[PDB]
Amino acid sequence: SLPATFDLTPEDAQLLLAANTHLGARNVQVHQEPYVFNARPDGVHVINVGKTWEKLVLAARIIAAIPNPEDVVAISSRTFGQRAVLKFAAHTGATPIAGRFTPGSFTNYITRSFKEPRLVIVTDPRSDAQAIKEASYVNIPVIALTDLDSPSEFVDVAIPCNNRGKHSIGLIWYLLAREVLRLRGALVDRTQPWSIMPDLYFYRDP
Amino acid sequence: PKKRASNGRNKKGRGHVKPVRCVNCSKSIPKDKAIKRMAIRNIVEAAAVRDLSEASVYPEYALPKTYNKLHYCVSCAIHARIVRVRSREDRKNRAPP
Amino acid sequence: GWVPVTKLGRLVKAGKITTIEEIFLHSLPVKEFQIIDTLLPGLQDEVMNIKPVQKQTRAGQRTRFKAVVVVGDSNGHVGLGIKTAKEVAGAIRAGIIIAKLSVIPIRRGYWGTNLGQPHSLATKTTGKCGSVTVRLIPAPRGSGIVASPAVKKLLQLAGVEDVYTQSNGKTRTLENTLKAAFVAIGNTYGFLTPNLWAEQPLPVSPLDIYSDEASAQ
Amino acid sequence: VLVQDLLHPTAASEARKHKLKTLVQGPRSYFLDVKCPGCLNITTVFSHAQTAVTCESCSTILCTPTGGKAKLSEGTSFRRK
Amino acid sequence: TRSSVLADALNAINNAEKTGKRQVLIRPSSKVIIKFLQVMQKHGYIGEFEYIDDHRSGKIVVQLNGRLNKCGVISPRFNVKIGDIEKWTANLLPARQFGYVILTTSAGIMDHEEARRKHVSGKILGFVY
Amino acid sequence: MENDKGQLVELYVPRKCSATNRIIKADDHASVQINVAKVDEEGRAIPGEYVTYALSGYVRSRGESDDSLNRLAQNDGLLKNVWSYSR
Amino acid sequence: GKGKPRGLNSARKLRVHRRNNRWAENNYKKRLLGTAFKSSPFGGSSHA
Amino acid sequence: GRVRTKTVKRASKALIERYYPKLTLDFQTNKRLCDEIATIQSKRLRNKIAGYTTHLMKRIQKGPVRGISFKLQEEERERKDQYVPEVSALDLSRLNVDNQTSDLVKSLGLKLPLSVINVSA
RNA sequence: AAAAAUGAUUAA
RNA sequence: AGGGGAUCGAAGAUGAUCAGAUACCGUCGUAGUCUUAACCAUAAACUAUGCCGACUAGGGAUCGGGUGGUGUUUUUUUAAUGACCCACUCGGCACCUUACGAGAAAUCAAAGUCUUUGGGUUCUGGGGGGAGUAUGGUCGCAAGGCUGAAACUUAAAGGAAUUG
Ligand SMILES: [Mg+2]
Ligand SMILES: [Mg+2]
Ligand SMILES: [Mg+2]
Ligand SMILES: [Mg+2]
Ligand SMILES: [Mg+2]
Ligand SMILES: [Mg+2]
C-alpha cells in the first residue's frame, strides 16, 4: 500500500497557494487539459494543486531510484531557474546545467562538457528544447516543469505549475529537492518540515 | 518550382479581383498583388515647420497633413527599393517591421 | 589500447556486458566501435562500391571518394556504413568503423515447417531510401538468395540463405539500394507477430545493475 | 488522450458536442406549457416554433419566429416540459 | 457517398491502431462488420467491442490491444475457388504461419484456415495480420 | 522462435511498449524505460526494488508519454486521483 | 481511388481502356499498323 | 588598427586567473612580473600581454568583467548566493484567493485561511 | 531609368 | 449591323535614341475600348492539384447562422433589440507550428491513411522532335475551333536540389 503521509500537507499547500503555482496559462493544450481545475473570468485557469503535488511526489520517486545521484541532470536556461537548479544540485548530487546548454552535451562523446545522465529534469520545455531533443537522441527520460501551454513532446513526467512566476519555479524546485531527500536515508523527519527556508531557491537581480 | 504558397498575391477564394495602375509606370497589376504603401506626410517639411510657425497669422496652427495610397508594380517597387528582395527563409516573414 | 569514454564502453571493457543481444534488447546507443569489435570479433567486412563525388570551386573540381562498407557475421548481424573522404583507403577504413557502429540484429524465421534452424525471414519486409524500394519475401528451403549481387552479398553477410527480393525505383543508385535493403532487414524485429504477443517482465538495464563501477572518477 | 472511455463520456462533453454528434443523437429542443394573462388556457408550444402560434382566447399572437428558438411574447409565462 | 461501411470500419480501426489509440468508434456498423470483428476477436487481434443501439444504424466501440498490424477490405469482393485461396494468402499475408484472409462463403463468414478445414469457398472480404 | 524439438531459436525477445504494446526496436533511441522506486513505510526509497515502464519513442514524440505514465501509475497504484478514464 | 474502375462488372471498361492506351507503345503500334509491311525499305525482311 | 589577437587575450585572461592579487594596476610592474609568472619568447609579445592584462585590471576595478573569475570573485559570489531573508517573501503576512481557488481547496479537502476575491472580466 | 552588339570546331 | 464614341490606344504618322530601330521613350491617332441584336468558344480559363465519401494533429484568428451567460453597453442611469466580451457548436475563405505520414525534392493536413500495394467513379499520359502538323470529318460569315496521324529524325530532352 501507499502511506497517507504523502498527501497534500496543509503547510506546503499554503506554500503553493502563496507562490501562485495554481495560476496556469490562459491557453491550455489538450495534453495539459487533465491538469486544469477550472477557468476564472479574464481567462486565467487554475491548476489542480492536488495533481501538482502528486506528480511532484511521483517525480521524486523517479529521482530516488537511480543508483548514482550525480547522473540526474537538471537544466534551466531561464534566469528564474538558475538559482533554483543550482540549489537543487547543491542539496542533491544532481550535476546541474544553468545558462546555455551547449548543444552536443549528451551526444558528442568527445566533448569536455559531455555528460551521460540517466534522468533529465528541465525547468521549461520551450527554453530548454535543445536538452529535451538531445535526450530524445540518447534515450534519457525527462521530468519537466510544465505550464498549461508548454509542449508535451518527449516529456515523460510533467509537473503542472506556473512557469511565468519566479516564486512558483523556485518553490517547485524546493519541494522536489525536499521530497527527494525525504525519500532517502538522510531526511527521516517525514512529518517535520525541511530546515532552511525556501527563499534561497528564488532568483533576485542581479 | 513554386516560389510562394500565396503565388505572388493575396487571392484564394475569388479568382478575379480588379486591376490598379502602378503610380510610377502605370502598369496594370491586380489590386491583391500590388505593393501598397500609405504616404502620410506633413504638408510642410521639417526645415520649414519653424518658419511657417513664425510666419502664421493663426497662432498654434493645425499643421495639416497629406494622405496618399501608393500602388506599385513589383518591378517599380524593387527598383525604388520599396521591398528589397529577401532571403529564402526571411521571405515567409509577414511582419511589417 | 582502448580507454572507454561512455558508460556502455566502460561496462563492456570491464566485462559486465558479454553479448550484443543485451545491447539490442535495451536499445543502448553505441558510440565506440571497440564495443562491436570485442562483442562480435568474427565480424567480417566487404566493400560494395567506390564512387567519386565532386564539388565545383574557383580552381576546378575537388574530388572525394565515397565508400560503402557492409560488415557482418553470418549469424544474424549486419551493419552498413557510407563514408566520403579524400582518399579511398581512408574512406574505406572510416566506412568500416561506421558500419560496425551501425550493426543491427535481424530476425530469421521459417517459410513453412519449423524443421531445424531458421532459414528465411519471419515475415516479408520492405525498406525505402530515395526512390528505391526493396522488398524481401520469405522463401522455401533450397531457394537461395534471389537478389542483385549487392543485396545478395548483404543478405549472406546477414546469414539469410533463402529469400526472394523485389525491387523498384532507380536500383542503379547502389547506396540507396543498400540503405533500402538495410531498412527492410532491420524492420524484421520491428514487425510484431503472434509468437511475440506474450508479456515480458521488462528487465532492468545493465547501466543500472552494473552502475556503481561505471563512470568512475 | 490515446486512452478514453468512448462508451461513458462526460455529460458536460455531450452537452458541448453537436446534437448530431453525440454517442446517440437526439433533439435539444423542448416543449413549453404557455400561459397568457388573457385566459386560463394552457398552450403547448415548441421551443423552435418557426410559426406565430396563437391562443384560443388571445387569438392574435403568442410567439414570434426567429432563427432558432421562438421569441415568446413579453406578456406571457411559460414552463418547461 | 458511402459504398462500403466495412471499408470505412476497417480504415478507422487501422488508423486508430497506427496512431496508438486503444479504442475506436465505428459507424454505421452493419452485421457484416460485426462478423468481421468476431473473427478477428476470435483470433485475438482486438478486444471487447460494443454495439451502440441508436435507432438508425448502430455503432461499434472496439477496444484495441495493439496486436493488430493491418486490417482492410478487398474491394471488389472477388469470387474465389478452392485453389485461389492459396494465391490470395500468398499475395495478402506477411507469412504462411499467421494472418488470416476473411471469406464470405455460403457456410458463413470465416477465415481461410476455417474455410480450408470446411472445404468451402466464397467471396473475398478482407484480411487481418 | 520455436523449432521442432523445442529449443527456442532467436537472438533476443524485444521489449514491448507499456502504453501501446509496440516493439521497441534496437535502434529506437527516443524510447525510455521509466523506473519508479518502491517506497516502504515512513517514506524510504529502498533502492534496488522497482516498478518499471517501457515507453516507445513514437508515443513520446506524439506527446502522450505523460498521459500514458499517469494512466499506468494510476492502474498500478503509484498515483491516486490523477488520470480519469472518462475525460 | 486510383482513377480506374474496380467493380466486378467493369471488365469491359478495363479491357477497352487497356486497348486504347496500348496504342501509345511503339512495338504494338507498329505491329497493329503493319508499318514494316507498308512503310519500311525492307518488306519486314532481315536482308535485302 | 590595434585589436589584440586571441593569443594576447587568452594569455592575459590566464594571468588574471592565476595571479590577480600579485598583479598591479600599472604596466611597468605588470611587465616585470610577466618575466617570471610567464615565459614569452619575445619582449614585444610580453609587452602586449602586460598591456592587455593591465587594461583588463583597470576594467575589473570598476565593476566585474564577463568570462573572467579571479580568486577574490568566486568566494564573493558564493557568499552572495546564500542571502536568506529574515521574513519569507511568501508566508503568513496578513491569504488572498479567488472563488475558484476556494473551490479547489474545498475539493482537495483542506482547511486554510482564505480571503474572497472576485476576478472581473 | 543616356548608350553597351558579337566571341568558329574538337578538346574532363 | 445600328447607336455611341470622353479616355486610353493593335495599325499608322511623327520626334528622338541607335551602326541600323519600320522597337523600347515622347506627341498625335483609325480600328477597338461602351452599348443593342447576333456570332465566336479560346487563356498560365491556374490551386498548373477531377468529383463524391470515411479516418488521421497541435493552435490562434475571421465570415454566416444558432445556443448559453455570479457578462458589459446608449436608451427605463436596473426592457425585448442592436453592438461588444466569454464558452460552445455547424458550415466557409484561409492562416501558424510540426510532420508521426508522404514525396526525387521543392514541399504537402493533403500531395497522408501506398510492395503492410483494393471506398466509388470520370478524364488524361507512355523518351525528345516531326506536330496539335497533314488528311478526312464537323462547326464558324471569317478568324479559327473540336477531332487528329504517318513517313522520317534523334540520345537524350526534362524535374528538383548542390557547389561554383
Ligand atoms: Mg524559377
Ligand atoms: Mg482568371
Ligand atoms: Mg494561378
Ligand atoms: Mg490546365
Ligand atoms: Mg468564405
Ligand atoms: Mg511521345
Side-chain angles (χ1 to χ4, degrees), chain A residues 27 29-31 39 41-43 149 151-153, chain B residues 1-3 5-7 12-15 24 79 92 94, chain C residues 54-62 123-126 128 130-131 133-135 137 166-170 184 191, chain D residues 15-21 28 48 66-69 71 73-74, chain E residues 1-16 18-21 24-25 27 69-78 91-94 99 124 126-127 129, chain F residues 57-59 61-63, chain G residues 1-7 10 13 21 24-26 29 33 35 38-40, chain H residues 99 121:
Chain A
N27 309 295
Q29 67 179 358
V30 291
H31 298 169
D42 78 2
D149 53 357
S152 54
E153 297 97 1
Chain B
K2 204 169 154 54
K3 208 157 172 193
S6 66
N7 304 346
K12 287 206 197 180
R14 59 192 61 86
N24 296 113
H79 186 69
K92 300 178 179 181
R94 296 290 295 268
Chain C
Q54 307 190 292
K55 191 182 99 138
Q56 184 86 253
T57 53
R58 283 209 92 81
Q61 291 146 40
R62 62 88 175 173
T123 287
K124 44 178 64 156
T125 50
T126 288
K128 186 177 204 271
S131 73
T133 295
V134 172
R135 182 180 197 224
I137 308 101
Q166 281 180 322
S167 71
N168 197 24
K170 201 158 166 54
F191 193 89
Chain D
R16 178 178 292 109
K17 291 182 181 180
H18 189 258
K19 92 179 189 196
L20 295 176
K21 287 197 169 63
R28 284 175 177 171
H48 314 71
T66 47
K69 290 182 179 182
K71 181 177 180 180
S73 291
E74 70 263 53
Chain E
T1 56
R2 295 177 202 259
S3 66
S4 173
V5 303
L6 185 63
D8 282 12
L10 295 180
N11 173 268
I13 290 177
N14 189 359
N15 290 8
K18 274 205 279 285
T19 49
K21 311 291 180 69
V24 70
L25 175 67
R27 171 174 79 89
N69 285 290
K70 185 167 192 176
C71 68
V73 302
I74 295 296
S75 176
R77 306 176 181 190
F78 301 98
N91 282 352
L92 297 178
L93 294 185
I124 180 153
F127 52 92
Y129 48 85
Chain F
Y58 171 72
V59 54
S61 71
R62 292 291 293 161
Chain G
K2 289 267 187 84
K4 61 187 178 182
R6 274 222 189 98
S10 65
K13 176 79 173 178
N21 283 277
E25 292 179 353
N26 310 333
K29 200 161 223 292
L33 295 189
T35 71
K38 290 193 228 167
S39 62
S40 160
Chain H
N99 283 311

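In what follows, chains carry the letters A, B, and so on, assigned in the order in which the sequence lines appear, proteins first and then strands, with residues in each chain numbered from 1.
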Can you tell me which nucleotide in [options] comes closest to the side chain of [X]?
| X | options | result |
| --- | --- | --- |
| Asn168(C) | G53(J), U115(J), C55(J) | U115(J) |
| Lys69(D) | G68(J), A106(J), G119(J) | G68(J) |
| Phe78(E) | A54(J), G59(J), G118(J) | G118(J) |
| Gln29(A) | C90(J), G59(J), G164(J) | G59(J) |
| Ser3(E) | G119(J), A151(J), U113(J) | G119(J) |
| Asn99(H) | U70(J), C90(J), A150(J) | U70(J) |
| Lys21(E) | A57(J), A104(J), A94(J) | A57(J) |
| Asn14(E) | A54(J), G119(J), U113(J) | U113(J) |
| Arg58(C) | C95(J), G103(J), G164(J) | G164(J) |
| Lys55(C) | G53(J), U163(J), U122(J) | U163(J) |

What integer number of Å spans the [atom1] atoms of [N] and [M]?
| N | M | atom1 | value |
| --- | --- | --- | --- |
| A5(I) | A19(J) | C1' | 9 Å |
| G58(J) | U72(J) | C1' | 33 Å |
| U124(J) | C95(J) | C1' | 33 Å |

Check every strand shown and say whether [X] touches a base, only sugar-phosphate, or nothing at a heavy-atom separation below 4.0 Å.
| X | value |
| --- | --- |
| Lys124(C) | sugar-phosphate |
| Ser61(F) | nothing |
| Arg135(C) | base |
| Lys13(G) | sugar-phosphate |
| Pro94(E) | nothing |
| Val30(A) | sugar-phosphate |
| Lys170(C) | nothing |
| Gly1(G) | base |
| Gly72(E) | nothing |
| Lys29(G) | sugar-phosphate |
| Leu92(E) | base |
| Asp149(A) | nothing |

Could you walk me through whether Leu93(E) and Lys124(C) pass side chain to side chain contact (heavy atoms under 4.5 Å, CB included), step by step?
CA-CA 9 Å; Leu93(E) 294 185; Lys124(C) 44 178 64 156; over 6 Å; no

Does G58(J) have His31(A) stacked on its base, where the ring centres are within less than 5.5 Å and the planes differ by under 30°?
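One would not call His31(A) stacked on the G58(J) base.
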
Between [atom2] of [N] and [atom1] of [X], the distance in whole Å:
| X | N | atom1 | atom2 | answer |
| --- | --- | --- | --- | --- |
| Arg16(D) | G66(J) | CZ | P | 22 Å |
| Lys18(E) | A54(J) | NZ | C1' | 13 Å |
| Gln166(C) | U116(J) | CD | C1' | 14 Å |
| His18(D) | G68(J) | NE2 | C1' | 15 Å |
| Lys71(D) | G82(J) | NZ | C1' | 10 Å |
| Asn26(G) | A155(J) | CG | P | 16 Å |
| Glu74(D) | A80(J) | CD | P | 11 Å |
| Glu153(A) | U98(J) | CD | P | 11 Å |

OP1 or OP2 of [N] less than 4.0 angstrom from a side-chain nitrogen or oxygen of [X], does that happen here?
| X | N | answer |
| --- | --- | --- |
| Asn91(E) | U115(J) | no |
| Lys70(E) | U117(J) | yes |
| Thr126(C) | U116(J) | yes |
| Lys12(B) | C95(J) | yes |
| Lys4(G) | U121(J) | no |

Quick check on [N]: from the sign of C1'-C2'-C3'-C4', north or south pucker?
| N | result |
| --- | --- |
| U77(J) | south |
| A1(I) | south |
| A48(J) | south |
| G7(I) | south |
| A110(J) | south |

I want to verify the glycosidic state of [N]; is it syn or anti under the 90° rule?
| N | value |
| --- | --- |
| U74(J) | syn |
| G60(J) | anti |
| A156(J) | anti |
| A10(J) | syn |
| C18(J) | syn |

Under 3.5 Å, is there any donor-acceptor pair linking the side chain of [X] to the base of [N]?
| X | N | answer |
| --- | --- | --- |
| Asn11(E) | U113(J) | yes |
| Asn21(G) | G126(J) | yes |
| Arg62(F) | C100(J) | yes |

Polar side-chain atom of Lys128(C) near backbone of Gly130(C) as donor-acceptor pair, under 3.5 Å
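Yes; judged by distance alone, with no hydrogens or angles, the pair exists.
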
Can [N] and [M], neighbours in the strand, be said to stack by the measure of ring centres under 5.5 Å and ring planes under 30 degrees?
| N | M | value |
| --- | --- | --- |
| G103(J) | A104(J) | no |
| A38(J) | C39(J) | yes |
| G12(J) | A13(J) | yes |

Can you confirm whether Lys2(B) is buried at NZ, in the sense that more than 12 heavy atoms of other residues, nucleotides or ligands lie under 6.0 Å from that atom?
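Enclosed.
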
Which nucleotide, in any strand shown, forms a Watson-Crick or G-U wobble pair with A87(J), with both distances under 3.5 Å?
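Base partner found: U67(J).
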
